[PDB]
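Taking the form deposited in one PDB entry, here's one chain by itself in structure tokens.
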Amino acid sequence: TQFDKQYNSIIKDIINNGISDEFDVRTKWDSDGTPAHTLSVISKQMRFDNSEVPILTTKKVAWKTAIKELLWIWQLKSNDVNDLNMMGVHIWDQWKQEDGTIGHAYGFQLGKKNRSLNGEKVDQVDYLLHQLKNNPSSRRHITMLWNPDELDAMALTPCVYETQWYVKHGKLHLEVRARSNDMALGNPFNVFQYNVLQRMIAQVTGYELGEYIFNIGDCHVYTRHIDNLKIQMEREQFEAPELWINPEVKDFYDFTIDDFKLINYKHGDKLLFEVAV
């Protein structure tokens, strides 16, 4: 089910069939100031049966950071970059508002007590966890970050803004969607990132692992990256590593960064891609 396999397939597709954007996108390369151009494809999907962790081996993926951001969003449910800073992460400071938050985005949405459960207002994460055990057959296991009533109050809108869970035959399946995704930098980080969430949720609810589905709306690549991306497609692919999660954790809110450990993560080498600002 290798991520390398499907990644390569999409990337190759975008290169030989992508649609170029130039009065469209203004993205000066933070390096020489020149404009960044993309090639994009619409509606792509990668499916994994969870027989292995979906992660890249042709290029190293920052697994630890993926999990720290994940926890900050889903567990702590905060929009405060400070909390994330205390976790040793600084990749969100560029969106830090006056109060240190990112407006009413990401974690803020997950923490709003807007669902009436047993006479009390509960948030999206709580409601879900409860309904996954006490109402598996439901066709409405949905988390939504794209709140239309507050899009203006968000220092930044989410790429991966939704997920739908399904309990089919004792198995927990997860489907997430990214409205936009940078295949070179953002994608690998996000695919692995949400698989961990599935594995976390499945453990605390007591379900076996179902299928993992990642949907991308606007699938794009920066032209400057194409050369390396083509080099990456020739790099050797190894067997997926093993992800260890503390089997003793039974409460979602009890997972810590220490409870996760990737085991035997063999990868390609350094091949960094420039970031466009």
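What we label the rigid core is the largest C-alpha set whose atoms superpose within 1.5 Å from one form to the other. Don't overthink the numbering: it's just position in the shown sequence, from 1. Only residues modelled in both forms are compared.
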Quiz item: According to the PDB entry, how many deposited residues between residue 21 and residue 22 are absent from the model (none, 1 to 3, 4 to 9, 10 or more)?
Solution: 1 to 3
Exercise. Could you check the entry and say whether 212-220 or 33-41 has the higher mean CA B-factor?
Key: 33-41
Exercise. Determine, for stretches 248-256 and 44-52, which one has the higher mean CA B-factor as deposited.
Key: 248-256
Quiz item: For the listed 98, 175, 123, 150, which has the peak Cα B-factor recorded in the PDB entry?
Solution: 98
Practice problem: Select one of 196, 184, 102, 87: the residue whose C-alpha shows the highest B-factor in the crystal structure entry. | Solution: 87
Practice problem: Consider only the C-alpha atoms of the modelled residues in this chain, order them by B-factor as the entry records it, and name the third containing residue 109: lowest, middle or highest. | Solution: middle
Self-check item: Chain-wide C-alpha B factor ranking for residue 203, given as lowest, middle or highest third
Solution: lowest
Quiz item: Mind checking which third residue 261 falls in for C-alpha B-factor across the chain?
Solution: middle
Quiz item: Based on the entry's values, in what third of the chain does the Cα temperature factor of residue 243 lie: lowest, middle or highest?
Solution: middle
Self-check item: B-factor third for the C-alpha atom of residue 143 within its chain
Solution: lowest
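From this point on, the text means the form deposited in another entry, which you will not see here.
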Practice problem: After superposing the two forms on their rigid core, pick out the one entry in 243, 55, 36, 213 with a CA shift of 2 Å or more between the shown form and the other one. | Solution: 36
Quiz item: Core-aligned, does residue 65 move its Cα 2 Å or more between the shown form and the other one?
Solution: no
Practice problem: Note yes or no: does the Cα of residue 27 move by 2 Å or more between the shown form and the other one after the core is superposed? | Solution: yes
Quiz prompt | Displacement runs between the shown form and the other one, C-alpha, 2 Å or more, three or more consecutive residues, core aligned | solution = 22-37, 273-277
